[PDB]
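Here's the structure, in structure tokens; my notes come after.
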RNA sequence: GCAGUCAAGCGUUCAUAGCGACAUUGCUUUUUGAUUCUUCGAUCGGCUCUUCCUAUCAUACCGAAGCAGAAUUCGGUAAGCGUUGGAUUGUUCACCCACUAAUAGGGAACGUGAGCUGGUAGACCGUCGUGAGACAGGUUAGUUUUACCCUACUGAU
RNA sequence: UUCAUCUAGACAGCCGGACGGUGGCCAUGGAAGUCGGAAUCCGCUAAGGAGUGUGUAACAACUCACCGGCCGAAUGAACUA
Ligand SMILES: Nc1nc2c(ncn2[C@@H]2O[C@H](COP(=O)(O)OP(=O)(O)OP(=O)(O)O)[C@@H](O)[C@H]2O)c(=O)[nH]1
Ligand SMILES: Nc1nc2c(ncn2[C@@H]2O[C@H](COP(=O)(O)OP(=O)(O)OP(=O)(O)O)[C@@H](O)[C@H]2O)c(=O)[nH]1
Ligand SMILES: [Mg+2]
Ligand SMILES: [Mg+2]
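In structure tokens, the structure reads:
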């Protein structure tokens, strides 16, 4: 789920080999002598083989568990990562690493052989043999790791999308305006240059409407493309429109701009309307009779709603945003507080007690020159948080103000003043 | 952690010393000299009781 | 973390392997197990702590749904001689135990009997769930 | 996040003020620092540095070579004694083969001998009772399959061993089934689909082991065609 | 240490008997060893012996023997130096295997199975005297031993084994004689398993109580009856549960699994 | 081999050799660095330790959890009667170290310092400084020549002072003598200060004041020949081990041929010379003014000396310094108070300590009353009265 | 309304008690919690640091209305004097002898009614019934008997924790005479009294409490112009898809 | 490891013999991360306490990484300071869960044999032996005891 | 030591040129010398690759390879010890 970023780095084969073997040469001891006991020599080389095995399987386990299971996640993420990374290659590489995690077999076999070593040379050659077979296995992992590091960097940079949240797609032709709609409606770092596939990916933005988080999704582009041939950039848009439970806003841009004709726009709309069968569609015109017939074209679809507006004005934008949110929430609650009251128990009156001071009072503007000092700043003036000694007095209310810096005696000879202290 | 003999912590302390602490350390010296001189003058006054 | 304030020092009464009382009606009666968070590391020394200290524990007596299950929570009474930095030495009738999550939030909703002043000042939700302080 | 955000950031703001000068200066100082690392880096790091540098030299030599160069028998008899590929192998002492094993509380009886090297026992082995067994052939030093190479075809196969016919050391060792260097074994060859004139499938052939498998867990061998 | 002895026993054996408890044979089966014997060692024979057939009715024994004779010979047995069952049948089968292995000069028979199944007792039953140490606690045989009959059949005692199939559970491992219940911490949580497995009629005939609910209440009833209580009035639930779990396995409480 | 379990050392190898100190009065081994910009000032003072007691304070410590809250604390009380100046020493610099080239004494000196110079006072003719007093004749040519020598050379100036043990209740009759450095400027002015201060006293208010962090140098309370367990802090062997259990069993398996300086053996515990720094003065009280133990919050007239006096000490009839916590040395000893050697960058040395109350109850038991008047009032009239 | 945090906690009972005519806060390292109240309030009413038996947990240690202020037995004479000196004579302050010392957990009150733990009576608690203020009621919030923690209150509305039932809500709003609602605080908290302080004109809670929770608080307490508690009529399905 | 390919060089006074660095192929079992994970014959481990090595686990300072921040990975100087508490003897040439900033590796013994503590005489079962007895075993019970000498070390004249 | 360049000017620096068919053909959302596959030709030239690298979404721009101007005499590579 949602930001598979915590994947440790996948080093290439040679670097991984250098790491795991230098760790063995460094951590485990390096000195033994022929005059030592054969048991000591055996334990030495056994420890080396076992540590070398454990390093490789720790590394491989960090790859296998950190990477996601492309099946078993969500169909939307599955299809997205399939069109990005070629699911077959993905699974094949990870299976290669799993079967290499073989190293265990080599370690066990060669340790059990080392139990019968009758000489330093024999034990040394067996150790060398185990580590060399490990090295061969890893040398045969040169390409999958290169693939997987790249997939790691990409899948870390992918955005976190919840498919079940209140969503709205922003669709249209290339070079329409649907991306700087996202720019204007929402915080998002997206490019708006005038050419077709300026964006090659999905971009996400969030906003809050009616005390509810929504997410808008800008999608790079779709072409008319008879659909048994299309690229991995448009299949992102298609899978996003198909999977998610959103509203969807098709931007038409009724104008000679766009480098695209209105006939082609309505053609694409009629091409991709089968995805729209349950998706709460709206059309927005961003500023002759056949061109208008082409609009009742699309109005004749059963569930649709047309709007005219601009990126020139910034209120129609919020207008149409709220329209899309309202269209969604209704059949959300379809697909899916009690305040109590007294009942008249008595006549005793109750009323809010508020002094005139707060009603005569002025709010606090944090960016006015002439304002209240607010002891934060008196602290800043005298000395910081941990040094400023506030006087708990200077606030107190007395008959005489000259006695500010007085003290009350607490104890006399044996007695306590607070016990004897009455007014009378 | 940062050790006692860490250069950065010692530089920060060096910057603090010249300010709010040396003023308090220097005031006490003038106070105590003013007391030291009076403890001489009172002994002279007692010597001049004879 | 989870606690509000500094690591303050009050004497140690509750080493590892100590069964102390739970009096809330979450279901437990007893708390035993190993661990103390913020404990040092010294050869041959026992992990033992208080100061509203958080500890790992199991129900030795209670409901089976929460027996067999390790859980964090906080000392509220000790029965050792503790010193207040304001005067006198304090001590309780007994040890007391009781249950929470790692953020300091309680599985139960009310506490019986007194709870330590410094324990309540250090753990907010204990102060909200406690009706009796000292 | 969300996409190539740093590439966007570099397009919008751009990398630093002091980026290109510093990169140029790093590339310039690398010539000094390479030699600095050579005269320093004592030990394994210097050894590896030298290895890397030698490999890099060879790569560039081959690259320049490729640049500048890119600027009698018939086909069927091309590609073409009965002595085995390993006569006169090192001789093994009985002491180096058999380890002494001692039995009793006060170990005073020895009479038992453990074979230290890899072995082939058979298909129906079924260990002898302890009071009656003298020769011990441990389970870890027991091979069923070898790695047999055909000299022709440049191909190897993991074949099951069928027997041991001749270990050149003391033919007792043949009956024990000791797979020392130079040992001759029968291996199955049904995987290769060999057939004699007449149509009878061959499923057994002689091979000679080329390694000392007491040092390597592998039993590597060469077919005798 | 135990599995080294297992593989040693197998490699030394010509025949392998697999001892099962008639209460739970499929629990006590150990299929991985049979698979190893299939792939590694087809020249061994691998027969089954249902033991403790005196604890279950005759029809359950017949059902299990029918179910298992489809694959492996599967004798039934009861081990006792005085009152036995299946001794002559097993003798006949072993001398059959001997007649087949006429060239070996002797034939070794290993005894494999879970702990507390009756391997040592079967050997003591064949020899008709106490040859191997026996105890109701699981791990009395800790290392192998050769034993002789006919000058031609060598029995081998093996320690008990449990494979680490993690689909298993600590409860399933408890309700097979494997562990010593003295070392487990909360024996009370397992008594629901005892109620699940056993029949209320036998369970009330055994302890002579009656009409309980709530195994927690069952324990306290039994403790008040036995006078098994602490300094005060708390009845010792822990020790009473330990005794119940020892009785369940040792066969003081009758229980059995049905086959298909 | 590699010990299987790391653990820290037992004891500190810097506080060695753990031998008896060569003098009851610990020797000050460093005075603060001189700034010749500032007035003339003593670097140290002498005192006599007199028990301990307990106080309550109102703490204005921002950031802390007793900020604006009350705190009980222990304090040490040193009887600090005025110190008398009797001499001057000049310490010239050399490429071997510091060398004294002349010492000058005063005209008249007390029987106390003469007793310090003597070892059997009741038999002697007490002829100590007769010829020096004679050298103090008409013009004092020698005195002025050596003083001018000190002005010319000698680099740094220390002053020989002694105590007024006569004032304390201690039964010793013999004063201590000590060199105390002058840390102002102008060696000429130092010498002039001393010349004017011969035969005259210096009180402790003229060397210290409240809220000052001082160092105590003293000798620590000999206990005698002690064993490993209590002298270094080692574990004890379980029970009935061979050749005893209060010791180190051995060194391990490995074989040396010697015993090291590092292996925690038996010997003397205590009477070591120690220098403990940064103790905050809480009160500079004076004998002339009673109600020393009283406070702004209390207003209960009483001196700090508890009922029945201190234990193994008498009453405080003299000026005293109160510091917080635990200094080295036991009651009835000689301690030197030095000032801090360095400017301290802690707010602890800035907070103006205010007291609320001081405990003047009996330390010869469980004291419940601060004053005999309180005891009288609580107990009521007895049989003996009337 | 307002959100803010001191040291880093969303629970405001760690620091403060707040009524129409005074605001108590705890003394801390920094004067930022005090400044947060001074910003919205200015010098209009007393804003007072101090501890209760050297403790910061003062909204959970104390309780009062615009007419007065009850503090426990563990309170010292000096802190009591400090409160007396720093507050006007209009607020009567009293130290109570009781077994249950956490008065802000044992009691929930407004200027016209109060609920209490069902436990022990007192002479001057039965006298406070009509002396000091008015009605006391021994009641229980869905079994939670810690009413000042598990229920926030004012003169204009009331909040309870979310496991309270409609029946009990109707039964308790009859006693208080003003509308109640069940809600959560600070990303799903049942403890509302510590997580929030509120009155006739102003609300203060933690940074982590969500916008729907703030909207309910604003509704049920009548903050924004105008929010007479059936603005829930507007924000019906927001709470539906939220919960 | 075995058997090979190639080719920078070396090359009986060889152009078409031989040697051969760096690279590289096959065999090890599989292609879709299902592997239920599955052990197969060794002739020690645990207390007190000191020091040392660095081949650095943590702390300190830096470099490179698609390193946004947060966290992490690789590496350079660095041995100043630390590097735990427990369960398990049907056994541990080890593993398990917790706390922790971290729970790094080793030596000075084991290059025959050296503090303190667990792991011959009697008796029983098993295998063998005609037998006396032995062992493929297993179980049980079962007395070395300095220093007062020199040196070292620690304190004291 | 061997091989090469050099007053018809060497090496290093600066400066300028660095073209034309042509945005060569396949491919693609786009790729024009520079993501990739395969051709890799001719023309005009002093010389200028269907292009050595940086770069652009693509062009652009810069760069080297190669030529020329200024400078005015030695220089470079591979090897051995
Ligand atoms: N008239 C008008 N033109 C607009 C407006 N907003 C954007 N545009 C035009 O849209 C062009 C850029 O296209 P984008 O905003 O990137 O739309 P897009 O290309 O379909 O977005 P992506 O496909 O996601 O990359 C600009 O050249 C603008 O002229 C608008 O509000 N009014
Ligand atoms: N009722 C009944 N009890 C049996 C039978 N066989 C064995 N037992 C009992 O089961 C207990 C434990 O079984 P064991 O005889 O030790 O079997 P085992 O665990 O394989 O024996 P070891 O190899 O020594 O571990 C014994 O104490 C017997 O009392 C049987 O056939 N019937
Ligand atoms: Mg665009
Ligand atoms: Mg058993």
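Protein chains in written order, with my numbering: chain A, 18 to 441; chain B, 149 to 198; chain C, 1488 to 1621; chain D, 45 to 269; chain E, 641 to 900; chain F, 1449 to 1834; chain G, 873 to 1115.
Ideal placement from N, C-alpha and C gives every residue a C-beta, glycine not left out.
Following the DSSP letters along the chain, one finds residue 1826/F in no beta strand (DSSP E) but inside the alpha helix (DSSP H) bounded by residues 1820 to 1827. At a cut-off of 7 Å, the beta-carbon of residue 800/E counts as near ligand 4: some heavy atom of the ligand is closer than that.
When the Cα atoms are used, residue 83/D and residue 45/A turn out to be separated by approximately 28 Å.
A direct Cα-Cα distance of roughly 7 Å separates residue 166/A from residue 28/A. When the Cα atoms are used, residue 238/D and residue 245/D turn out to be separated by approximately 6 Å. At least one CB atom of chain A sits nearer than 8 Å to the CB of residue 143/D.
Put simply, of 857/E, 819/E and 738/E the residue whose alpha carbon is nearest the alpha carbon of residue 789/E is 738/E. At a cut-off of 8 Å between beta carbons, residue 732/E makes no contact with chain D.
Ligand 2 approaches residue 797/E closely enough that one of its heavy atoms is under 7 Å from the residue's Cβ.
In this structure the region 1574 to 1590 of chain F does not lie against the region 1605 to 1623 of chain F, because fewer than three pairs of beta carbons, one per stretch, are closer than 8 Å. Interface with chain C (8 Å Cβ-Cβ cutoff): residue 826/E is included. Nearest CB-CB separation between residue 839/E and chain C: not below the 8 Å threshold.
DSSP, reduced to helix, strand and coil, places residue 77/D within a helical segment of the structure shown. DSSP, reduced to helix, strand and coil, places residue 1805/F within a strand of the structure shown.
Runs of the beta strand (DSSP E) lying entirely within the region 221 to 258 of chain A, each at least 3 residues long, are 230 to 235 in chain order.
Looking only at 680/E, 694/E, 751/E and 714/E, the smallest Cα-Cα distance to residue 724/E is reached by 694/E. Not a single C-beta of chain A is nearer than 8 Å to the C-beta of residue 881/G.
Ligand 2 never approaches residue 842/E closely enough for any of its heavy atoms to be under 7 Å from the residue's Cβ.
Residue pairing by DSSP puts residue 1661/F in a beta bridge opposite 1728/F.
Contact check between the region 955 to 963 of chain G and the region 1093 to 1108 of chain G: fewer than three CB pairs, one atom from each, fall below 8 Å, which does not count as touching.
In this structure, the straight-line span from the alpha carbon of residue 1829/F to that of residue 1821/F is close to 12 Å. Annotated three-state conformation of residue 1511/F is coil, per DSSP.
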